[PDB]
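Undergrad: Once you've seen the sequence and the experimental structure below, I've got questions.
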Amino acid sequence: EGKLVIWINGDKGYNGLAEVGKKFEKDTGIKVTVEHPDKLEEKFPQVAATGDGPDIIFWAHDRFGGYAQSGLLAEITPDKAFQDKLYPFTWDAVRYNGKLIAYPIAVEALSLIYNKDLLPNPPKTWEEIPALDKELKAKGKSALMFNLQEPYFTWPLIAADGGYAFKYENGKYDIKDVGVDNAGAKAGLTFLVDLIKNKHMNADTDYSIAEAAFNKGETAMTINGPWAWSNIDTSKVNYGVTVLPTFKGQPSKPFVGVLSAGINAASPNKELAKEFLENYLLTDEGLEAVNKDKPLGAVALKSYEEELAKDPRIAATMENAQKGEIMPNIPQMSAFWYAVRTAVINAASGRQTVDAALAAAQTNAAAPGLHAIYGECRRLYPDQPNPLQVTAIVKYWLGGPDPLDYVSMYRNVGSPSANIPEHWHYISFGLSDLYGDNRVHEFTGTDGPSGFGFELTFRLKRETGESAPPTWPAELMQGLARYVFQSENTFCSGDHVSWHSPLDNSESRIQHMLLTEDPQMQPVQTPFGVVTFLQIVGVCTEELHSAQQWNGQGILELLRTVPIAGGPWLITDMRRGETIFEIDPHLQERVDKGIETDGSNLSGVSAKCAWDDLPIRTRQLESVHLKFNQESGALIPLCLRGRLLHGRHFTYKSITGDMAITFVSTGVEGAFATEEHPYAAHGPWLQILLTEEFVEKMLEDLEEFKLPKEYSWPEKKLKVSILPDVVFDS
């Protein structure tokens, strides 16, 4: 609005910012409003585009990387006079792609917390701690307790001797160069595991146990961030905060994240914001104002840190902050976090060796999505670690024709007791985000769908004495997958696919597909999003038609009741010769009611038909004669009962013509047919409006008699005929 609006999380000191907003108002006359709405990090991309976003946004740098790739943040341009007021490394935290995208405001870092009563002189090295633990154990106490389930707290030691996630040499992160496999990480984890083996620590320890312990006076030491402190103050423990122990002569690295403020690229007032950020907020007065209201922690302005630095506590956060590394901004951080955590836990529980866990972890950070899926696959099929797998040798993102990188092929023995035949279970890989580096699918985050948000599956009844699963279903999946990408049609459980081809290139009656949720596969959380599994179900042309006329869900249920045609898990039998309706005539009945009580999903059809026609004008007619093929005539009840009685339109379009006939219900909007003038036409396009009573009467009248079939009324006539449309006499 030419005024400055700021959105920030509910915890920090906005009133101080409001005071700075008042100070802004005094010196410049511009009103500064400060609000702190919920879930802002998610909201900013959503509203930033419209223009109702804030001019300035405050948050830890880790989000900003996402914001920067989406193009929501403006480049900031501070003079050297300014960049020198702040520490060089805080600027590093705000560089993406070599550009500066925010003013660093506050830095948070983990530190070593000790009880002054128990340990007057804290250890300067980790190697001392065992003996110290032994000493503390001597008086019924333990030395150290911290979260071993989350890598944020164990990474310093893992990072201590040379380990790293990504190295940025020019402000740009090399995503290939991962450092979870080197001697250092291995050194740290063996040491952690060794600490746990010698019962100096317990793999079970969590936030609350560690916190309860220090606050109750049960344990001697901890590692934590500023937020925890408030709770220790209430505990009245006399404690000091200092630098973390060194390992093998090198500093521990605690991830340091700096609260920063960025300027919205869609803001008119970018320069006002720059003036404000550089000359008012980043001053002793603005920061002091904010500090009194709610402490920021260790600030980024050298001058101000010195004022704050007497707090032994602040000193330690900044000592640790300088000694530690800055969090990466790329989205793959999410991938790193899942890998490590599993590695640490597995190494600590004895499930895996240190070398193997970190070796496994380095690799899993590369293609997490594939693996996460492999996880779900592993839960169902522990018996089959390696299944026959079709690989696309020419990868899609290098110009390849096949978008599914892998299709795994399993043998499911089934359950005879549940009437589930033995079958082959195909799972696809590529529709979801496997790699998460933007090679095929744009990265979206943990929230929201990974890639298209699903993978395809298929269940093919095993023929007797078949040694191996056939491969044609993979080619089918590739076909569908291409459609997904090109077609950009939504795929949800219940949707149908018109193929018109043998699914397996045989003479089978199964020539179409319906889609449903996989019976036994549960969806998964991959760092790049959520993945669900859509199973393909082979159907006959008649069954597809029923699905179109009613809905997919209903026909799926019908397929579940007839075991040969699907059963509870919907196994496709290509060899199947009968439709579900030929097997049980009463199923047709269930379909008709569904159409009655649900309406029909068919908005129109392409068929042989015509009406009497003849720079364009909307004509009105008092007489109308419609002509239909037997095939289209058959749908007239559906057109009337299914749509008009539910206030829904229906459209016939001529295969051979530009003619069209749209049956219109009352309450439809946008028709040029009125109750006053029911029959009207625009060029070859005809709309006819029918009142519900008339519709009911017509329905009674239509019901075998020899073609041609003629119906007549006091205003309109109808004919059903066959080859006349196909072949004219003139």
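TA: Okay, I see it. Numbering: from 1, shown residues only.
Undergrad: burial count for residue 386?
TA: 6 (other CB atoms under 10 Å). All C-beta spots, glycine's among them, are computed from the backbone N, C-alpha and C.
Undergrad: next one: phi and psi at it?
TA: With angles defined as degrees, to the nearest 10, residue 386 shows backbone torsions of phi -120, psi 120.
Undergrad: sec struct for residue 489, please.
TA: For residue 489, the reduced secondary structure class is coil; criterion used: DSSP: H, G, I helix; E, B strand; the rest coil.
Undergrad: Isn't it up against residue 483?
TA: Yes: with contact defined as CB atoms under 8 Å, residue 489 reaches residue 483; the gap is 7.0 Å.
Undergrad: who's more crowded, those two?
TA: Neighbours around residue 489 and residue 483, counted as other CB under 10 Å, are more numerous at residue 483. The numbers are 15 against 9.
Undergrad: Pretty sure the more buried one sits in a strand.
TA: No: assignment of residue 483 by three-state DSSP gives helix, placing it outside any strand.
Undergrad: Could you pull up the contacting residues of it?
TA: When contacts are counted by CB atoms under 8 Å, 6 or more residues apart in numbering, residue 483 touches 489, 497.
Undergrad: close enough to count as contact, residue 209 and residue 146?
TA: No: counting by CB under 8 Å, residue 209 sits too far from residue 146 to count as a contact (9.8 Å).
Undergrad: Looking at those two, which has the bigger crowd around it?
TA: For residue 209 against residue 146, the residue with the higher neighbour count under other CB under 10 Å is residue 146, and the figures read 22 against 15.
Undergrad: backbone phi and psi for the more buried one, please?
TA: When quoted as degrees, to the nearest 10, the phi and psi of residue 146 stand at phi -160, psi 170.
Undergrad: nearest spatial neighbour of it, skipping sequence neighbours?
TA: Counting by CB to CB, 6 or more residues apart in numbering, residue 223 is the residue found nearest to residue 146 once chain neighbours are left out, at 4.6 Å.
Undergrad: Domain map for the protein?
TA: The record's domain split for the chain, according to curated CATH domains, is 1-109+253-327, 110-148+201-252, 149-200+328-366, 367-540, 541-601, 602-730.
Undergrad: Helices of the stretch 151-300 of the chain, start to end?
TA: 151-160, 183-197, 207-216, 226-234, 270-276, 284-293 (DSSP state H, counting those that start in this stretch).
Undergrad: Let me know whether my guess that residue 625 is in a strand holds.
TA: Yes: secondary structure assignment (three-state DSSP) places residue 625 inside a strand.
Undergrad: That one: how many residues sit nearby?
TA: Around residue 625 there are 13 residues (other CB under 10 Å).
Undergrad: Go ahead and confirm it touches residue 721.
TA: No: taking CB under 8 Å as the definition, residue 625 is not a contact partner of residue 721, at 11.7 Å.
Undergrad: out of the helices of the stretch 151-300 of the chain, which comes closest to residue 363?
TA: Using CB to CB as the measure, helix 183-197 is the one of those that comes nearest residue 363, at 13.7 Å.
Undergrad: in the closest one, what's buried?
TA: Using 16 or more other CB atoms under 10 Å as the burial criterion, the residues of helix 183-197 that qualify are 184, 185, 186, 187, 188, 189, 190, 191, 192, 193, 195, 196.
Undergrad: Return the closest of those residues with respect to residue 367.
TA: Distances from those to residue 367 were compared by CB to CB; the smallest belongs to residue 185, at 19.9 Å.
Undergrad: Next, the contact list for that closest one, please.
TA: Contact partners of residue 185, counting by CB under 8 Å, 6+ apart, are 158, 159, 161, 162, 163, 179, 358.
Undergrad: If we use 7 Å, what do you get?
TA: For residue 185, the contact set (CB atoms under 7 Å, 6 or more residues apart in numbering) comprises 158, 163, 179, 358.
Undergrad: neighbours around residue 139, how many?
TA: Neighbours of residue 139 under the rule other CB under 10 Å: 8.
Undergrad: wait, residue 400
TA: Under the neighbour criterion other CB under 10 Å, residue 400 is assigned a count of 12.
Undergrad: check which helix or strand covers the closest residue to it other than its chain neighbours.
TA: Ranked by CB to CB, 6+ apart and with sequence neighbours excluded, the top spatial neighbour of residue 400 is residue 394, at 3.7 Å. Secondary structure from DSSP states H and E places residue 394 outside every helix and strand.
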